Each structure stands twice: as structure tokens, then as C-alpha cells.
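Participant: The structure follows.
Any read-out appearing in this document is the output of simple, stated calculations on the displayed coordinates, not a laboratory observation. All Cβ positions, even for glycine, are placed from backbone atoms using ideal geometry, and neighbour counts span all protein chains on display.
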Amino acid sequence: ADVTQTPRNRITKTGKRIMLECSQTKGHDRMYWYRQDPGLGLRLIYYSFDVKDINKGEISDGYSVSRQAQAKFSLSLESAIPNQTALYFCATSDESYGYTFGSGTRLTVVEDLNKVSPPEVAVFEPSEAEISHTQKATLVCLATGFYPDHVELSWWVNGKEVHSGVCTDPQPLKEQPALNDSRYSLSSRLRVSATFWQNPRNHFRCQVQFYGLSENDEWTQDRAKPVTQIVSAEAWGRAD
Amino acid sequence: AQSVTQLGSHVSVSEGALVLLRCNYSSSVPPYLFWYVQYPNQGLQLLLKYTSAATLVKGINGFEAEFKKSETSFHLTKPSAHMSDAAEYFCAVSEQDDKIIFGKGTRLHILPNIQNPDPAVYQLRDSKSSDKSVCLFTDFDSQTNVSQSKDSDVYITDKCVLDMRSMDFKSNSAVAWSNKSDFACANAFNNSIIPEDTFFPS
């Protein structure tokens with residue numbers, strides 16, 4: 001069908017019941033929930049062949065499901081724990097293995113919401129030595145001090161999102177690798193011709209979408225409530 | 001079909017060389033077989049599948065795979081590796097007449113053909129008026145790899161390849177930074193084997 005899943009992104013505390021919903025329009029008998037984790041592929045949690053039928057997959061522990069209509073297949077984490085943090089995919093199939101996957105649900109289960117923290121973001125300007133040596137200019141963005149590890153970084157030149165000349169680290173690193181709740185950091189590069197960097201009309205912005213607390217959540221600390229938000233940093237081109 | 005095996009969670013290919021991602025299965029009756037691709041960070045897209053018709057199945061973008069029951073294989077190939085082929089690929093098989101079971105997946109890393117390497121370590125300053133800085137190791141070829149820091153207050157990223165379309169120009173780089181006031185870019189990458197002709201400006 002158009003297979004659709006809700007929610008798209010969610011952060012939760014441990015101990016809560018969490019509900020993910022898959023919906024379809026084509027009325028295929030067969031629906032499935034899978035989770036994806038790095039190094040393990042897509043593992044089946046549960047599946048259903050019609051409204052009368054539920055069957056366990058390889059990793060059914062900690063989960064329940066309901067098939068309340070031809071069109072709908074719900075997944076619940078009964079009591080969320082951190083090792084249920086994962087990308088979750090629902091799918092439908094016809095009678096000949098024609099699968100349709102939903103676009104995904106990224107779920108992060110954290111022990112203590114007190115540790116949530118938005119990134120600080122900074123842009124570092126191209127070296128004169130690089131410009132002189134290569135006639136190219138590399139900007140570096142650095143996002144630091146964030147938790148959990150649930151961000152999206154993009155670059156914006158004169159207000160349009162750019163993909164050429166970009167490389168972002170595939171995973172953030174731990175600022176304190178000996179701690180279970182270490183904050184994270186992430187870097188990205190955008191490289192342009194020296195020519196383009198040297199033009200003071202050009203505007204360069206690194207944007208980081210952070211996923212955190214919602215308006216709903218209680219917050220007892222003096223520091224800013226660490227809600228879902230965008231944090232950017234910027235630099236202007238420079239002739240001197 | 002009771003299993004599907006991909007080996008090597010991460011694999012490399014030279015830019016312009018034959019792509020070959022291996023998949024084998026265990027199932028006495030020939031199964032249906034599937035290859036899916038996933039871009040960061042995006043959903044799954046079907047490349048091709050064997051469904052008991054052609055044994056040589058062609059997919060989008062030059063991809064093909066040959067089903068070979070005599071060696072229980074369904075290897076994915078493409079004649080020439082492009083930088084845009086960087087992604088995660090999953091082999092998958094029919095099971096118990098009711099589902100698809102997925103292999104563990106392999107991430108394909110494309111090594112750029114770097115004809116004129118120009119290794120260098122540059123210092124970059126914060127655009128705002130701290131003088132925080134970071135160090136950028138860049139423009140080294142495929143024989144160089146970056147090591148992890150051996151000091152808990154120095155941070156070093158993995159190497160990353162960017163492709164500047166404006167100049168059809170690809171390059172490697174890693175970033176290092178620290179809050180320690182004795183930290184200098186001259187020493188940032190001392191735990192990596194760097195090229196003998198790395199440029200270190202003043």
C-alpha cells in the first residue's frame with residue numbers, strides 16, 4: 001500500500017509502554033514488524049497473515065502486537081528498555097513476496113531524561129595555508145555535547161541545502177567513552193573553491209536538527225529544557 | 001529457506017573496479033532471493049530478485065546477480081564502482097512459505113582514485129572570537145588510514161570522502177580536536193601512519 005508508520009522519530013524514558021502503528025491502503029493479508037540494528041540486519045519481531053493470526057519472529061521478547069483491522073498492525077514495547085533503541089520497519093506482502101516497507105520509526109530509549117542535551121555547534125573557517133596550497137577551501141562543522149545520539153546535520157549555502165562537497169561522519173563519537181550516558185559529538189566538512197569562499201557575499205550555515213524532549217515532558221533543572229530543536233552555526237565568505 | 005549469509009560487515013572496492021558483494025543461502029529447495037539497498041539514512045529499496053524465472057537477473061543501474069544453485073550463491077555485481085554506490089546492501093531469502101529473512105548486511109566503501117595526492121595537516125579557527133580551532137588532515141590517497149586517538153582528551157574522526165561536483169574532485173579527510181592547551185596540529189595525528197611528504201604549514 002502506501003504503508004505508513006507513526007511515529008517517525010521518538011525519544012522515551014525506560015519503563016514506559018510505547019506504541020508504533022503501521023497502516024496500509026492495499027489490504028494485503030500479510031503484515032510484519034522488523035527492527036534494524038547495525039551489524040544484525042533486519043530481524044523479524046512479529047507477523048500476521050490475517051486478522052486471526054499472530055506469530056512470533058526471532059526477537060519477539062519484550063514486544064506485543066495487535067492486528068485490529070485488515071489495514072492496521074500495532075507494535076508495543078511493553079516496558080521500554082535501552083536495548084530496544086533501534087530503527088523499526090513495518091512491511092506488507094502480497095502472495096508472491098512483493099514486499100512494501102514503511103519509511104521507518106527511529107526510537108531511542110533513555111534511562112534518565114535529565115541527561116538529554118542539545119548540541120553546541122561551531123563552524124571553523126578554511127585555512128589560508130590550504131587556500132594558497134590547493135586553491136580549495138574546507139569548512140568544518142563541529143557539533144558537541146549532545147545526548148542522545150539522534151541528530152541530522154545539513155549544510156546551507158545562500159539559503160539552499162547543498163549536498164556536493166560534503167562529508168559528515170557516519171556516527172558520532174563519545175566525548176567520555178567510559179560512561180554509559182556519554183554525550184556525543186559529530187563533525188562534517190564542506191569544501192568549495194577558494195574563489196567561492198573568498199566572495200564576502202556568500203553565506204555558509206551548518207544546521208543540526210536535534211531530537212529531544214517534547215513540550216509535554218517535565219523539566220526540573222535550571223538549564224534550558226532540551227527540547228527537539230535546530231542549532232546552527234555560520235560563517236561569511238572572506239576576501240581578507 | 002532456513003538461512004542467508006553475507007560476510008564482511010564492511011567491504012571496499014576501488015572506484016572504477018568490478019563490484020562484487022557475496023551472498024550464499026542454505027535451503028534445499030531453491031528459494032526466492034532478493035537484494036536490497038539502503039542509503040544513509042533512508043529506507044530500503046529493492047535492486048533485484050530471483051523468482052524462479054531468469055537465473056541472470058538484472059536490476060536497476062547496471063546491477064545484476066546470477067542464481068547458482070550448485071554453489072548456493074546469488075552474488076550481486078556491477079561492472080564499475082561509482083562513489084554514489086556507497087550504501088548498505090542486504091541479501092534476503094524466502095522462508096517458511098510466509099516471509100522474507102534478511103542477511104546481516106554489508107556496507108560498501110568506494111575508494112576514490114586519487115591521481116595527485118597532496119597530503120596536508122591544516123589548522124582551522126572558529127569563526128567566532130574564541131580561538132578554538134580544529135585540525136584537518138586531508139588530501140591523502142587510499143594507502144593512508146587514520147588511527148584512533150591514544151589520549152582520552154584528543155578526539156579523532158574516521159576518514160570521510162567528499163565529492164565536490166563543481167570540480168569533479170574527490171578527497172579524503174579526518175578531523176582532530178581537543179580542549180588541552182598543549183594540543184598542536186603538528187602532533188594531532190601522531191598515532192596514525194601518515195605519508196612521509198605530508199605538508200605541515202606555518
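Participant: Determine the principal axes of the Cα atoms in chain A, then give the extent along each, sorted from largest to smallest and rounded to whole angstroms.
Facilitator: 72, 46, 31
Participant: Tell me, what are the semi-axes, in whole angstrom and largest first, of the equivalent ellipsoid of the protein assembly as shown as set by the roots of 5 times the Cα gyration tensor eigenvalues?
Facilitator: 41, 29, 18
Participant: Over all pairs of distinct alpha carbons, what does the Kirkwood formula give as the hydrodynamic radius of segment B:51-121, in Å?
Facilitator: 15.1
Participant: Where the only charges are on Cβ atoms (+1 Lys, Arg; -1 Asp, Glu), what is the dipole of the protein assembly as shown about its Cα centre, to the nearest 20 debye?
Facilitator: Rounded to the nearest 20 debye, it is 720 debye.
Participant: Also, quick follow-up: In debye to the nearest 20, how big a dipole does segment B:36-137 give about its Cα centre with +1 on each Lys and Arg Cβ and -1 on each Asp and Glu Cβ?
Facilitator: 120
Participant: From Cα pairs below 8 angstrom and at least 6 apart in sequence, can you work out the relative contact order of chain A, rounded to a whole percent?
Facilitator: Across chain A, relative contact order equals 17 percent.
Participant: Please tell me the relative contact order of segment A:112-240 in percent, rounded to the nearest whole number, where contacts are Cα pairs under 8 Å and at least six residues apart.
Facilitator: Across segment A:112-240, relative contact order equals 30 percent.
Participant: Using R₀ = 56 Å, calculate the FRET efficiency as 1/(1 + (r/R₀)^6) where r is the Cβ-Cβ separation of residue A:224 and residue B:51; round to 0.05.
Facilitator: After rounding to 0.05, the efficiency reads 0.55.
Participant: Using 0.36 nm times the number of residues separating residue A:209 and residue A:40, minus their current alpha carbon distance, what extension gain do you get?
Facilitator: In short, 58.1 nm is gained.
Participant: Return B:33, B:20 ranked ascending by Cβ neighbour count within 10 Å, so the fewest neighbours appear first.
Facilitator: Lowest count first: B:20, B:33.
Participant: Considering all alpha-carbon pairs of segment A:2-111, what whole percent are spaced by more than 19 angstrom?
Facilitator: For segment A:2-111, the share of Cα pairs beyond 19 Å comes to 38 percent.
Participant: Shifting gears a bit: Where is the GNM fluctuation largest for chain B (alpha-carbon springs, 10 angstrom cutoff): B:98, B:139, B:153?
Facilitator: B:98
Participant: Using just the alpha carbons, could you tell me how many Å³ per residue the convex hull of segment A:112-240 encloses?
Facilitator: 128
Participant: Something else: Net charge around residue A:147, counting only other residues with Cβ within less than 9 Å of its Cβ (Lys, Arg = +1; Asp, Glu = -1)?
Facilitator: 0
Participant: How much net charge surrounds residue B:156 when only other residues with a Cβ under 12 Å from its Cβ are counted (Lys, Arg +1; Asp, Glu -1)?
Facilitator: Charge balance in the 12 Å sphere: -2.
Participant: Same structure again: State the Cα centre-to-centre distance between segment B:108-183 and segment A:1-60 in whole Å.
Facilitator: 40
Participant: Pairs to check: B:104/B:150; A:160/B:128; A:160/B:150; A:115/A:136. Give those whose C-alpha atoms are more than 28 Å from each other in this structure.
Facilitator: In this structure, B:104/B:150; A:160/B:150; A:115/A:136 lie more than 28 Å apart at Cα.
Participant: For the protein assembly as shown, what is the mean residue ellipticity at 222 nm derived from helices alone (per DSSP H run of n ≥ 4: -39500 (n - 2.57); sum divided by total residues; nearest 500 deg cm²/dmol)?
Facilitator: -500 deg cm²/dmol
Participant: Quick one: Cα convex hull volume of segment B:137-191, Å³ per residue?
Facilitator: 89
Participant: If you don't mind, there's one more thing I want to ask. For segment A:2-111, compute the number of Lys pairs whose alpha carbons are separated by less than 23 Å, excluding pairs fewer than 8 positions apart on the same chain.
Facilitator: 6
Participant: Sticking with this one: Working out 0.36 nm times the residue gap between residue A:9 and residue A:216, then minus their Cα-Cα distance, what length gain in nm do you get to one decimal?
Facilitator: Once the chain is fully extended between residue A:9 and residue A:216, it gains 73.0 nm.
Participant: Within 10 Å of each candidate Cβ there may be at most 15 other Cβ atoms; applying that plus a DSSP loop requirement, which chymotrypsin sites (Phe, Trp or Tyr not before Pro) in segment A:146-240 survive?
Facilitator: Within segment A:146-240, the qualifying chymotrypsin sites (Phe, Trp or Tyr not before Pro) (loop, at most 15 other Cβ atoms within 10 Å) are A:219.
Participant: Just to check, using Stokes-Einstein with a Kirkwood Rh over alpha carbon pairs, what's the diffusion coefficient of segment B:13-59 at 10 °C and 1.306 mPa s in µm²/s?
Facilitator: 122
Participant: Sum up the charges of everything whose Cβ sits under 11 Å from the Cβ of residue A:183, counting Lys and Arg as +1 and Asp and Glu as -1, but leave residue A:183 out.
Facilitator: -2
Participant: Hey, another quick one. Between the alpha-carbon centers of segment A:112-133 and segment A:190-240, tell me the distance in whole angstrom.
Facilitator: 9
Participant: Something else: Over segment A:1-67, calculate the relative contact order: mean separation of alpha carbon pairs under 8 Å at least 6 apart, over the residue count, as a percent.
Facilitator: This gives 22 percent for segment A:1-67.
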